[PDB]
Amino acid sequence: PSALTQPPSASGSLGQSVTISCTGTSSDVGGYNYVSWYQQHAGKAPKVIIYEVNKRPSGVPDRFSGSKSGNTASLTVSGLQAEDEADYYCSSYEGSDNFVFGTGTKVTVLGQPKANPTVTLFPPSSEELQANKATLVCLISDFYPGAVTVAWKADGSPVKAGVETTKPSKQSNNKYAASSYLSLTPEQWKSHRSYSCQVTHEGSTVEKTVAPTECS
Amino acid sequence: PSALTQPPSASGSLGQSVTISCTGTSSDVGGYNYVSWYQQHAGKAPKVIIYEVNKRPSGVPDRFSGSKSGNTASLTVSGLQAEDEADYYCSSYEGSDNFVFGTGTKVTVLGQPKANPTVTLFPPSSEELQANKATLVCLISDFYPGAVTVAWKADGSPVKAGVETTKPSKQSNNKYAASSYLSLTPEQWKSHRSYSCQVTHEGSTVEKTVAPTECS
Amino acid sequence: XXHX
């Protein structure tokens with residue numbers, strides 16, 4: 001299941017070395033060792049680049065490296081070349097049915113200066129609530145590189161249901177903009193002290209909270 | 001010079017079948033019995049739907065089946081549900097601990113109905129205000145197909161500047177989601193009667209218009 | 001990736 005976590009966005013400049021970790025959940029534990037790295041590109045398809053935790057296949061340059069401790073696997077791109085820009089996924093083989101993948105990690109050879117998101121949380125508008133509706137919105141803007149992670153919370157209890165997270169588009173200023181949204185009943189909204197919206201972006205996490213009011 | 005060969009796209013229709021053929025060589029596909037398939041949704045993580053010719057994951061739906069027919073692997077997908085539209089990958093062992101991937105297929109399902117998008121215009125939050133900034137998010141959602149236009153009016157006359165529109169993403173219901181913001185100052189905000197957002201879908205217009213009113 |  002959605003069970004191995006990776007950084008939304010990992011980046012660097014040509015020659016720098018990025019690390020990617022695969023902080024898997026409760027994971028496949030006694031001694032679990034079929035962690036495998038994939039590199040996917042711009043509409044081409046996945047190419048394994050590391051397997052069996054640290055063993056790279058023939059073709060891979062030792063620029064790449066595999067690792068693991070307890071709950072976090074690793075991938076080091078030890079001397080960033082341009083062509084290294086792409087998605088990267090991990091995999092762990094719990095048991096035969098269930099091959100568990102990471103969530104991806106976009107490696108970016110930077111280009112422009114770095115940019116952490118402006119989070120902007122909107123409450124259900126009154127007129128909306130007069131419709132007998134409730135939708136909340138998280139505006140994510142002005143970020144670089146283009147890979148964000150949004151989580152939502154009902155009082156700081158994960159809310160998976162009702163959530164849509166747009167994939168990040170590009171603005172006229174060449175930074176990105178994603179938007180996540182909650183659709184709920186006015187009962188739903190009113191019977192919780194606060195809703196949050198949390199977005200990770202390369203070791204920044206911003207969490208906006210919001211509370212229910214009334215007068216409509 | 002090789003990887004598994006796949007036909008770049010398949011077309012099916014709600015409930016009928018579709019069979020995606022992955023084709024290898026004596027070395028790999030048909031040589032060993034380790035041919036697998038992946039369902040990979042628009043820029044998301046890949047799911048392993050089949051592992052060993054034909055064996056599904058416990059938790060994989062309807063007609064996800066496989067038929068290794070010589071050097072031809074075929075993924076039969078019947079009971080066509082919108083939710084299927086993805087990019088499908090196949091794989092084969094090929095000795096010395098290496099695995100080859102397919103060129104992928106974009107399986108489009110035909111006959112899925114056209115939705116006119118819900119528009120939800122959001123005034124600047126009290127606090128965004130309390131800071132001095134004031135954006136307004138127009139959320140266009142639940143639409144099919146994924147093409148829309150978004151306009152903004154600074155009451156009557158148009159706003160063609162300050163606008164930043166994230167164009168469509170695939171919701172968990174084979175339906176799109178897109179937004180557009182306008183970054184006002186509270187100045188600008190209050191210096192007008194209304195701000196409208198205008199969403200054209202398939203020759204339908206929807207115009208939502210907000211005035212400084214609200215509760216919260 | 002599983003076995004092989």
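If you go along the chain as it appears here, the first residue is 1 and each next one adds 1.
Looks like X-ray crystallography, at least that's what the header says.
A Cβ is built for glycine as well, from the same backbone N, Cα and C atoms used for every other residue.
For B:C22-B:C90, B:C138-B:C197, the entry in Swiss-Prot reads disulfide bond. The feature region 'Constant (C) domain' is assigned by Swiss-Prot to B:112-216. Annotation source Swiss-Prot lists domain 'Ig-like 2' at B:117-211, citing sequence analysis.
The Cβ of B:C90 (disulfide bond) has 30 other Cβ atoms within 10 Å, all protein chains considered. Long-range neighbours of B:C22 (disulfide bond) (same chain, six or more residues apart, CB within less than 8 Å of its CB): B:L4, B:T5, B:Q6, B:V29, B:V35, B:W37, B:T72, B:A73, B:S74, B:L75, B:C90, B:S92, B:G102. Counted within 10 Å of its Cβ, the other Cβ atoms near B:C138 (disulfide bond) come to 26, all protein chains included. Classification of B:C22 (disulfide bond) by DSSP places it within a strand.
Across the range of the region 'Constant (C) domain' (B:112-216), the DSSP-based residue counts are 11 helix, 56 strand, 38 coil.
Long-range Cβ contacts of B:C197 (disulfide bond) within its own chain (separation 6+, distance under 8 Å): B:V119, B:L121, B:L136, B:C138, B:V150, B:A151, B:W152, B:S180, B:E207, B:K208, B:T209.
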